[PDB]
Ligand SMILES: Nc1ncnc2c1ncn2[C@@H]1O[C@H](COP(=O)(O)OP(=O)(O)OP(=O)(O)O)[C@@H](O)[C@H]1O
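Protein chains in written order, with full-length UniProt numbering: chain A, 128 to 163, 182 to 202, 209 to 246, 253 to 483, 490 to 557; chain B, 24 to 87, 115 to 888; chain C, 24 to 75.
Take a look at the structure:
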């Protein structure tokens, strides 16, 4: 079906028309809108050992640490000892089905700290004194991508949104709702470490296949890169007259910038070049400030236009993951008692299909159009618009 | 027994070599115009036989079945030597009446050219005038020289004469005298005398007194006068020092000018760099005007369709005011005799076949002058540049390793580690004004090199008439008429004719940015192979090297190599092993089996097996990954004391193991550079009580997240006074650390990071250079991070040479009086944008 | 085998040629008055061999 543009308008006395339902419904509680409860995971903490006991026969350490995590989940311990208690397994484990339970061991344990932090049980300074540690940075930068790929990638690939997975656009997921603190508080206190951890995170994302390629990544998986990255982060006059091991980086930046500005060449490699490039400026502002070339190519607006496309597709995929469930929510994400049955809900007809029109009108309201942008924005948006209007009634 | 006969023939063979390179060195000195063709043909056959015997001797040396093969080969080679012996005798004559006149100087007619013909010579003649005539006022300043170095024909005599024609009426004497490649000193001095007075010295070329009395005469004639002599085309400065003694008296108000093609002889003059006058290629606009002055009558836009051809061709010459003259005179016999098609043919011709033309060889002599003046053991080095493509920068390290692996570097002094010898070769090539250097690598030396285009094709042809190299180019698309006698092959863009049938004795092979490798070409068929170069390819199949035994150089930079065979231990002879940019992440255990190496450009991601200490001869190691290492392996690194450069990064041994290696460093004494990389930590490696190696020049530190507590004590002007590079980062800072560092002799490069300023809440203080006056004789590059370096550390007489300075400046000091700038310092200290902090 | 020896003699013969035309080109430059007759006879004979 060639569905046309749903021309609508989100104005005053209309944002609250749907957001009021969205402010209390099961989804969107841990998310936001571009137009702008502890029992839920406690039950998962209870079910943490559903299938571990089935095949304990090698497979004993899983249950051995499972009951320890269950104990530490509900027991009240002072912050200056709770970190030591929980790190006893964090600093112990090293590494098919095993890793599956191993990730749940790490993922559920770390969520406890945020749960106690939002309750003001753990002092902010105490958390600050530990987050700066180097090892847990690479622990989180690994567990986040592993947890995302193990559950959501299987359903994302079928929808065709796998090619539009954005590492930087990951905190908005409802399940990974605890990362706003780790991002914003760390940025406010230690700004450099935020860019450092994002740089580390994208390196594994490249290596684990989030943005796969057959050619090496000359910007990640090497400490000497961050040396210059942090060297220019403190001096405003180092790009004008660069030094050695800095001309090469600029050459590889502008070569990929020209690849992105091209039209005829292959699209998947352009998507690949998008991810690291977008990661570069957000963490390191003023790094590709080609004041001349960007103006005669509308590059500054083009990057934002192609960035908003992935943001729209994320929420579209969320709606698709919500419609069929009414497990695409992902393993160990929603417990069985809190699950969602098959019956159609009356509030969907007034807050979902109408809200899709608002989303597409918001998508098609301020994005520029170009022959390069059309292959990057217009075509995926039209494909998603066609796919979203062929499954709502059914 | 049987081996005894072979080994007793080998020394006879090597003596034969020695004589044959003697003869070939003798013949190649003379230009190939006075050389009779019979001797030329004989010499070519001599060279081919030389290759054959070198092959036999290398094969025998590598091996010790084979004895019989070696025997047959050596006997038959003796047979061709014997046969070729009397061919020269059989057909040869004398011709007592063959006295053809000596050739005249090809660049004398150029001296006689119209004044109102040269364009753009201005604003350089005036600058050279006033860079020496500024002292002509108060004409009592002591005499000085101003040399002019340059390459090819960028125009030295022209500008020298131009300056020689304007300011003369204010002088009493003067002489413009030339010198050839092999001058006659008495002839030169007679030339000088005739240039002063032609009346008393009209027949001064007749009398043959001696080298000395005429020197006394010229010394006597030069009293109480200002002479302003100019002498041009001086090569091999040993000649020049004779003339300088002729000017040995105090003479206020006189100066002299020199020109040469070697910068390595001008520093022997004028005792100072401010008197050295470099000359540059002309600008694009001036070059365009000059180019259109010749071919076009008065206007340029009438073609309007070959314009892009004009810029494209003029780019090939670059700025040379001789190449463009040649092309303009060749390209139009009478008013655009040709248009837009043969122009493309000409453009395609350059690089492979443009030189062979008419009225064009009259200028190639001027270029081959420099090549002929080269001593031996350097002609192969210059001719080796034809392998690489037309416009591509060449890293000098690759060149040096290729030369050493080939076998063009050798000596019998035993005081040279054989790498700095190749470096000396490279520097000699550079200072002869024959290669352009660019950039500075992580070695503290020049990064890469580039070759002029019309010299590149010229040397390509010169190496092409013999079998020194072979090129497969689309514009060329030519192959020698003998597939057998191919030694060096330099594959390029062409990917069609990749035949490999009849090169059994393939010395070396290289591929440049081509996917044709592998799918069409086979290397394993090469029974012998000296060096292998495959950087930039996209093939991971290199596991057939076990069939190769003579390999020396193995370049695999950016090759997508996943793994390399376990059978590499068979390569006892090897000099280089580069693996940077490869997918392989672990090395096979069969590397301790190896015995000889000097460099190992390994990736720190890859794993180094135990027993590394056995590679005693190893001389440079790069990017070693030090993680999860046991103590004995670390201590092995102190055993092999031959390093000059070492690069280290690590993440997983921050223990007392750092101190264990810390003294193990001091076991080596040949270091030149060092650097250590570690992330965001206090440096738990270096103690304050550890003697450093006596020789250190660079001593870098790449990491900026890590820090030292304070300035190390073992850094002192006493130990290691050879530093020209600092690159430090540390937590605190002291106004006395700068005072300590201002005592070291050279410290050309300075870069200091104050960790606490940009990490912790701290105010950038103002350190004070308390003691001394200058503390910085030659520190051109100084970098201060988080440290306030106001211009008023001292008056201008503190750092004579400082082109660049970086520091931080608070906004609260704007109203203060500690920023009292406004004066011009001694170096070019006028381009600065300080990082200001609110 | 047998053809190998012949073909390995051919290039030697070619070199012999090249030397002979070198010599003949050298001698023919001078006018035939300053040339001594022994050299002339030798030149004629080598020319005939060159044809063969
Ligand atoms: N401004 C100019 N306009 C035209 N031709 C020029 C100009 N400057 C130089 N040339 C040309 O450059 C050549 C001069 O060569 P140059 O002065 O370098 O000679 P040199 O010192 O004897 O030796 P070499 O050429 O080996 O350096 C001549 O061909 C001359 O015509």
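From the three backbone atoms N, C-alpha and C, an ideal C-beta is built for every residue, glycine too.
Bridge-paired residues (DSSP) for residue i
i              : result
residue 419(B) : Note: residue 419(B) sits in no beta bridge, so no partner.
residue 860(B) : 887(B)
residue 456(A) : Note: residue 456(A) sits in no beta bridge, so no partner.
residue 172(B) : In DSSP, residue 172(B) forms no bridge with anything.
residue 280(B) : 226(B), 307(B)
residue 498(B) : 445(B), 488(B)
residue 540(B) : 521(B), 560(B)
residue 833(B) : 801(B), 856(B)
residue 657(B) : 636(B)
residue 321(A) : Residue 321(A) pairs with nothing; no bridge assigned.
Outcome for residue i when other beta-carbon atoms lying within 10 angstroms are tallied against a minimum of 16
i              : result
residue 59(C)  : exposed
residue 616(B) : exposed
residue 411(A) : exposed
residue 295(B) : exposed
residue 274(A) : buried
residue 129(A) : exposed
residue 395(B) : exposed
residue 155(A) : buried
residue 417(A) : buried
residue 202(A) : exposed
residue 504(B) : buried
Separation of residue j from residue i, as counted between CA atoms
i              : j              : result
residue 357(A) : residue 719(B) : 38 Å
residue 777(B) : residue 376(B) : 49 Å
residue 226(B) : residue 445(A) : 56 Å
residue 319(B) : residue 290(B) : 9 Å
residue 278(A) : residue 235(A) : 16 Å
residue 854(B) : residue 173(B) : 27 Å
residue 17(B)  : residue 539(B) : Within the shown structure, residues of chain B are numbered from 24 to 888, placing residue 17(B) beyond reach of any answer.
residue 317(B) : residue 286(B) : 13 Å
DSSP-derived helix/strand/coil call for residue i
i              : result
residue 182(A) : coil
residue 510(B) : helix
residue 817(B) : coil
residue 333(B) : coil
residue 757(B) : strand
residue 804(B) : strand
residue 141(B) : coil
residue 723(B) : strand
residue 502(A) : coil
residue 701(B) : strand
residue 178(A) : Here chain A is numbered 163 followed immediately by 182, so the structure offers no position for residue 178(A).
residue 250(B) : coil
residue 200(A) : helix
residue 313(B) : helix
residue 518(A) : helix
Rounded Cβ spacing between residue i and residue j (contact assumed at less than 8 Å)
i              : j              : result
residue 261(A) : residue 501(A) : About 17 Å separates the two Cβ atoms, so there is no contact after all.
residue 807(B) : residue 814(B) : 6 Å
residue 244(B) : residue 494(B) : Rounded, the Cβ-Cβ distance is 50 Å, inconsistent with contact.
residue 800(B) : residue 829(B) : 6 Å
residue 229(B) : residue 281(B) : 7 Å
residue 518(A) : residue 132(A) : Between residue 132(A) and residue 518(A) the Cβ distance is about 16 Å, and since that is not below 8 Å, they are no contact.
Around ligand 2, Cβ to any heavy atom closer than 5 Å, ordered along the chain
Ligand 2 is absent from the structure shown, which contains only ligand 1.
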